[PDB]
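I have placed the structure first, in the form of structure tokens, so that the comments after it can refer back to it.
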Amino acid sequence: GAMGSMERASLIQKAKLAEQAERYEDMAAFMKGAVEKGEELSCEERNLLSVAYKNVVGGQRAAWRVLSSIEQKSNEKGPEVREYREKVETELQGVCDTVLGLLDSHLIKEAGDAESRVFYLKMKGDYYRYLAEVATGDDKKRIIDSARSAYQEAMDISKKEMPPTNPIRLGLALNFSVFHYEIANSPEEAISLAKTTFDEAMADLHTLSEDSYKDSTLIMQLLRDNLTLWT
Amino acid sequence: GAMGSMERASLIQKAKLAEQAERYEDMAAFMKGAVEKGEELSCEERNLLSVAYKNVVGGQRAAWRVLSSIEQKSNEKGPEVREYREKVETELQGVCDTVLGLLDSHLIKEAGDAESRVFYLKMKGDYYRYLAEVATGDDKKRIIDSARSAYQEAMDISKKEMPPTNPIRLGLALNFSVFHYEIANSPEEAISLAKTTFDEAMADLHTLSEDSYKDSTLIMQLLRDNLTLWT
Amino acid sequence: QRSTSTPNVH
Amino acid sequence: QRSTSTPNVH
Ligand SMILES: *CC(=O)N1CC2(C1)CN(S(=O)(=O)c1ccc(Br)cc1)CCO2
Ligand SMILES: *CC(=O)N1CC2(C1)CN(S(=O)(=O)c1ccc(Br)cc1)CCO2
Ligand SMILES: [Cl-]
Ligand SMILES: [Cl-]
Ligand SMILES: [Mg+2]
Ligand SMILES: [Mg+2]
Ligand SMILES: [Mg+2]
Ligand SMILES: [Mg+2]
């Protein structure tokens, strides 16, 4: 691709510069080029990939929600709101397709860290979930099942291989519970998953890691917030 | 161009939706397509054009400043910082070239409102000034003179045709004084212009317009802030 | 008010 | 701290 002539280490370096400059589309392009070199990504590099694409798709979701709300209130006079919502929607789907293609073609493997395997399967569940936020037809069922399957496989690994305070395990369970509540229309599943995750992290709080405990305690607070919202 | 098949009114409508969705690159594309229909822009439509491109170029300037500062501190080891700074710089120049081409090809005219004539010449001075922030060589002199000439022509018209509280006249003088202080290395010119502008707006404060007085008083406060910084 | 998912960090 | 130019509005 466009990044094929650049050295891997230069791509990582430039992804970090782009983060500093808040140029997240650039930083995602740099990290996509890094992934396409075909070597595994370290934890720090997975964070770069994650931050870039989450920033890009987050702006698209935010835009799509604004336009969709305008579109729904105007359905209570021309084609313009729908066409522009469809435009942003198509771009969002393209970014999710790009991320999911990278996960399938390069990143999701049988080997490697529990951390890496759980994180990428979590990523796959998330980007299927973002596709499901804008899906409607026969696609929507296919996409919702794909999200669940990826989340569930990540959950199985994290529960076997990871302490209950691990921030990837926590963030996965947080995002799966959001899937249950907002996408799958299964509230009770979401409260029970979120409560089980919080309580189990709390019961084994001594497993907090000194290089990540701030991340763990952030996610357990977000679990509590969702539980307070949902109850 | 890409917007050529869309009706002007739909382009305006979509520029407004894109503003609401904070999709400023889209909103600039929509307004560029509107301008290319070859009709004049109203005040409200000039605001849309202005907001879109200022948001786009503002993000580029902010990124360029981050990278340039990293580049300067690393000059006190590879090519990556310079190459990526050059990348963002080229994109910024392309947006300024696009705006300046629109001004020259479509918007700057002998006829029309004082408001429109002053605003577009102000715009031309601004985007030459943004080019001058990143220029270096023989280009830099050419660009600095182009900015000054456009600002000065806008100043001449605004002083003849506009009350001293008019927000376009005020914003022009504010931006010209910034040009003097930050670009042309003429501090004294900047304080004297900013002080003359503030004091003259204040002397004829009764000329504030009831549909724009909030904009006027904002710019006179910004004149005061710059004067406090510069003294 | 929507649910909160994992945020960006670092 | 740089100088302040005209801001976006409306
Ligand atoms: C070490 C490793 O693989 N990673 C990926 C991560 C660090 C964590 N993930 S995440 O989505 O699991 C996450 C957990 C906790 C928080 Br507060 C935020 C995100 C994001 C990328 O970096
Ligand atoms: C009526 C008209 O032509 N316009 C253009 C504007 C409304 C004003 N300009 S500006 O750069 O002159 C400006 C003045 C005052 C403030 Br607080 C902000 C901007 C911006 C576009 O809209
Ligand atoms: Cl569109
Ligand atoms: Cl580059
Ligand atoms: Mg390489
Ligand atoms: Mg669709
Ligand atoms: Mg038309
Ligand atoms: Mg150059």
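Ordering of the structure tokens sets the chain letters (A, B, ...), residue numbers begin anew at 1 in every chain, and ligands are numbered from 1 in the order given.
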So which residues are near ligand 1, meaning at most 6 Å away with only C-alpha atoms and all ligand atoms counted, given back as a ChimeraX atom specification? /A:43,46-47,50,115-116,119,167-168,171,215,218-219 /C:6-9
Matching every Cα in sequence order between the two identical chains, what are the coordinates of chain C once fitted onto chain D? Write them as a tab-separated table (two decimals) with N, CA, C and O atoms, in the first residue's frame.
```tsv
chain	number	residue	atom	x	y	z
C	1	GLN	N	3.24	32.09	24.38
C	1	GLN	CA	1.86	32.49	24.11
C	1	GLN	C	1.75	33.38	22.88
C	1	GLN	O	2.27	34.49	22.86
C	2	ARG	N	1.07	32.88	21.85
C	2	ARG	CA	0.96	33.62	20.60
C	2	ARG	C	-0.17	34.65	20.68
C	2	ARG	O	-0.96	34.69	21.62
C	3	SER	N	-0.22	35.50	19.66
C	3	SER	CA	-1.27	36.50	19.61
C	3	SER	C	-2.60	35.84	19.25
C	3	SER	O	-2.65	34.75	18.67
C	4	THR	N	-3.69	36.51	19.62
C	4	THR	CA	-5.01	35.98	19.30
C	4	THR	C	-5.58	36.66	18.07
C	4	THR	O	-5.67	37.90	18.01
C	5	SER	N	-5.98	35.85	17.09
C	5	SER	CA	-6.62	36.35	15.88
C	5	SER	C	-8.13	36.15	15.99
C	5	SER	O	-8.62	35.62	16.99
C	6	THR	N	-8.86	36.62	14.98
C	6	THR	CA	-10.31	36.44	14.96
C	6	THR	C	-10.73	34.98	15.07
C	6	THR	O	-10.21	34.14	14.37
C	7	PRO	N	-11.67	34.70	15.98
C	7	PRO	CA	-12.10	33.33	16.23
C	7	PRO	C	-13.25	32.92	15.32
C	7	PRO	O	-13.85	33.73	14.63
C	8	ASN	N	-13.55	31.62	15.34
C	8	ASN	CA	-14.79	31.17	14.71
C	8	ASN	C	-16.00	31.47	15.58
C	8	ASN	O	-15.93	31.47	16.81
C	9	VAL	N	-17.13	31.73	14.92
C	9	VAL	CA	-18.37	32.02	15.62
C	9	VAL	C	-19.53	31.72	14.68
C	9	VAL	O	-19.39	31.79	13.45
C	10	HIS	N	-20.67	31.35	15.26
C	10	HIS	CA	-21.93	31.10	14.53
C	10	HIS	C	-21.85	29.99	13.47
C	10	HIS	O	-22.85	29.71	12.81
```
Just checking: using only C-alpha atoms and all ligand atoms, which residue out of A:10, A:55, A:90, A:42 ends up closest to ligand 6? A:90
Name the residues, by chain letter and number, that sit within 9 Å of ligand 7 using only C-alpha atoms and all ligand atoms, and give them as a ChimeraX atom specification. /B:4-11,34,37
List all protein, DNA and RNA residues that have an atom no more than 6 Å from any atom of ligand 3, counting only C-alpha atoms and all ligand atoms, and report them as a ChimeraX atom specification. /A:83-84,87
Within 9 Å of ligand 8, counting only C-alpha atoms and all ligand atoms, which protein or nucleic acid residues do you find, written as JSON, numbers by chain? {"B": [86, 89, 90, 134, 135, 136, 137]}
Keeping only N, CA and C atoms, take the residues you just selected and write them out as an mmCIF file, in the first residue's frame.
```
data_model
loop_
_atom_site.group_PDB
_atom_site.id
_atom_site.type_symbol
_atom_site.label_atom_id
_atom_site.label_comp_id
_atom_site.auth_asym_id
_atom_site.auth_seq_id
_atom_site.Cartn_x
_atom_site.Cartn_y
_atom_site.Cartn_z
ATOM 1 N N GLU B 86 6.917 17.949 6.976
ATOM 2 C CA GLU B 86 6.785 18.349 5.579
ATOM 3 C C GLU B 86 5.461 17.862 4.998
ATOM 4 N N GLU B 89 2.729 20.059 6.386
ATOM 5 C CA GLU B 89 2.946 21.370 5.782
ATOM 6 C C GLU B 89 2.401 21.424 4.357
ATOM 7 N N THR B 90 2.677 20.389 3.561
ATOM 8 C CA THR B 90 2.196 20.343 2.185
ATOM 9 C C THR B 90 0.673 20.331 2.125
ATOM 10 N N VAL B 134 4.548 29.093 7.438
ATOM 11 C CA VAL B 134 5.350 27.914 7.127
ATOM 12 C C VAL B 134 6.310 28.136 5.968
ATOM 13 N N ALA B 135 6.364 29.341 5.408
ATOM 14 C CA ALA B 135 7.255 29.623 4.292
ATOM 15 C C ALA B 135 8.670 29.910 4.790
ATOM 16 N N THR B 136 9.638 29.803 3.875
ATOM 17 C CA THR B 136 11.029 30.090 4.215
ATOM 18 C C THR B 136 11.749 30.922 3.152
ATOM 19 N N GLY B 137 11.799 30.433 1.913
ATOM 20 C CA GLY B 137 12.714 30.987 0.926
ATOM 21 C C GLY B 137 12.252 32.211 0.159
#
```
So the first atom is CA of residue 174 in chain B and the second is CA of residue 194 in chain B; what is the distance between them in Å, to one decimal place? 6.4 Å
Write out as a PyMOL selection string the residues lying within 12 Å of residue 51 in chain B, counting only C-alpha atoms and excluding same-chain residues fewer than 6 positions away. (chain B and resi 15-16+18-20+22-28+31+44-45+57-58+123) or (chain D and resi 6-10)
Write down, as a list in words, each residue of chain B that has any atom within 6 Å of an atom of chain A, counting only C-alpha atoms. residues 21, 63 and 66 of chain B
Just-selected residues, C-alpha atoms written as a short mmCIF file (atom, residue, chain, number, x, y, z; two decimals), in the first residue's frame:
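Output file part30.cif follows:
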```cif
data_model
loop_
_atom_site.label_atom_id
_atom_site.label_comp_id
_atom_site.auth_asym_id
_atom_site.auth_seq_id
_atom_site.Cartn_x
_atom_site.Cartn_y
_atom_site.Cartn_z
CA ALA B 21 -21.95 17.13 12.88
CA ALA B 63 -0.53 19.97 14.00
CA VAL B 66 3.43 20.56 17.35
#
```
So which residues touch residue 229 in chain B within 12 Å, counting only C-alpha atoms, skipping near sequence neighbours fewer than 2 positions away, as an MDAnalysis selection string? (chainID B and resid 178 181 187 190:191 194 222:227 231) or (chainID D and resid 1:4)
